[PDB]
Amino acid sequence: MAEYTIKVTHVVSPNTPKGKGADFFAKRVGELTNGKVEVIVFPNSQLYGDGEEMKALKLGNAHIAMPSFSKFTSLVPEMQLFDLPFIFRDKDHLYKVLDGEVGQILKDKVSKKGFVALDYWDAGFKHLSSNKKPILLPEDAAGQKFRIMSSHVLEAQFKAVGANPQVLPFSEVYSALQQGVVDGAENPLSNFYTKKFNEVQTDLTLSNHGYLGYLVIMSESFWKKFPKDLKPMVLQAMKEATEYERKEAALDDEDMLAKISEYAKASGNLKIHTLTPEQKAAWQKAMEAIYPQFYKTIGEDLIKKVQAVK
């Protein structure tokens, strides 16, 4: 019935803001094209995972993806800017950066490496968890193995507090925590609960120590070939979906914290720790110390532009 089909691939649960956003995109394309185009969304790495999605887009075997910033850092080193610990003060700060000058500079870089860069999507600020002991101060992280996404900034960040970071694809994280391959991880609350990382960690600290978000991209050769008269509807669909995703993400921390809290009370197998300002300061000092290592590959003046956004 559909004359054309589009394959979206991502690594998260459909129950997250990002997953709901992809499904909303898919639904709106269908409606706006009166059934001529059908978008099929493969979540949870069903079609391609962290390690395979990029090439897939290059070759046109997948059409649309929404990778986290860290996932771009081998193609575009500067995207590591958004991984720096404590770089974003809050969501107001974030969105002024993402929908402003710096956001555009990084889109443009991705565009040059052969992807069609569209909009930024939100996950949330990241939190430390462990199976070994409570993480209250930098001191506690020392000697522990942590999963990270593939980013030199994140491996520097954990090295700075004496931990052992290890890159693993998102789809392997639950099993790796369950089997002791790593002691802990850092996640936004959205991924922490929807992937059941809560069921395989004994301690969660609301550290808010770094940010995780996404850049929607499309396959350049898919887009080159896609029919000119149907492109406007795809683009409108995505615009609407971006607005919708960010609304779902605003709700998300409160909803997820309630669910994680109920799980901890009912199961007795998770303690949730909040930090004192004293504790927060110490995290900021230890983790920001890494910034100068990255003036060369990210750009000192780029980091300063972000810090200056009021």
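Each residue number is its position in the shown sequence, starting from 1.
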query: Segment of higher mean CA temperature factor, 188-196 or 141-149; finding: 141-149
query: Residue range whose averaged C-alpha B-factor is higher in the record, 256-264 or 275-283; finding: 275-283
query: Largest Cα B-factor, entry values, listed residues 164, 219, 236, 208; finding: 164
query: Selection from 203, 240, 78, 83 [criterion: highest C-alpha temperature factor in the record]; finding: 78
query: Position of residue 181 among the chain's modelled residues by C-alpha B-factor, lowest, middle or highest third; finding: highest
query: Where the record places residue 213 (Cα B-factor, split into thirds across the chain); finding: lowest
query: Ranked against its chain, the third holding the CA B-factor of residue 15; finding: middle
query: Within-chain third of residue 124 by Cα B-factor, per the entry; finding: lowest
query: For residue 58, the third of its chain into which the C-alpha B factor falls; finding: highest
